[PDB]
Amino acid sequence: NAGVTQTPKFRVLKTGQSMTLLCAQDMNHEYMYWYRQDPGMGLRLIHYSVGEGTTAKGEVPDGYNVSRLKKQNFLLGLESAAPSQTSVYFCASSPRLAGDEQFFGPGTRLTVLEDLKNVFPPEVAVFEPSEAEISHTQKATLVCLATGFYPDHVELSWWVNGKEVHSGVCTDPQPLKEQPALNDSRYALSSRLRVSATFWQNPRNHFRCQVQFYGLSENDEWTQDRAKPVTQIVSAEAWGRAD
């Protein structure tokens, strides 16, 4: 029908702050679960619930609160957020009868930092296809570079002539650390868009690389001399060219 839903998708928290993670299921499932999972790194049970009124501890319960007010909802609570709680939180649903598999939600990526001052939006740059590649292969590769972002809360997409494209795209599965020897290193992410040389050679064609950055909210306090790194889209574009 729809499955397990989760809210929010991303969140940046300052240490000490409170937050609630919301989970819903329209499958009339008796069992509900809350897992955390670091980068990669596996699924770890925080708390679970067998039905409405009840709640029960998993493998890693400290210190998360939990409530199953209604059968359809499962809530996870962070009283005083700690940087050790930076993770991806997965919710799950399972029926009691007769079994069996668990149905999972899309996940909530949370980053807890001591200071919001490390929060930076990405800079986005589009690199035009090499004329050597074009004459050699009759193909044209565009490269997009998302640089200097923190935390790793981004979604990169390619838009051709106002339409999102998936064919001919390859985005790095994970970003590089611009300064590896630093625990709060800013990130870099690349993506390639490859078309035919004739498609790129058409000046009517518009190529746009889009990076949605999930950052700060209005509620968050900003005390720095620089634009507040709020949730935003940063884009770079290129137009097709005969030569």
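Residue positions are given as counts along the sequence shown, with the first one as 1.
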{"property": "Residue stretch of maximal mean CA temperature factor, 149-157 vs 113-121", "result": "113-121"}
{"property": "Greater mean Cα temperature factor according to the PDB record, 93-101 or 70-78", "result": "93-101"}
{"property": "Top Cα B factor in the deposited entry, candidates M32, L216, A181, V195", "result": "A181"}
{"property": "Residue with maximal Cα B-factor (values as given in the PDB entry) among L189, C209, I46, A56", "result": "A56"}
{"property": "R226 CA temperature factor, ranked by third within the chain", "result": "highest"}
{"property": "CA B-factor placement of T20, once the chain's modelled residues are sorted into thirds", "result": "middle"}
{"property": "CA B-factor ranking of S135, expressed as a third of its chain", "result": "highest"}
{"property": "Record-listed C-alpha B factor of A236: chain third", "result": "lowest"}
{"property": "CA B-factor ranking of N1, expressed as a third of its chain", "result": "highest"}
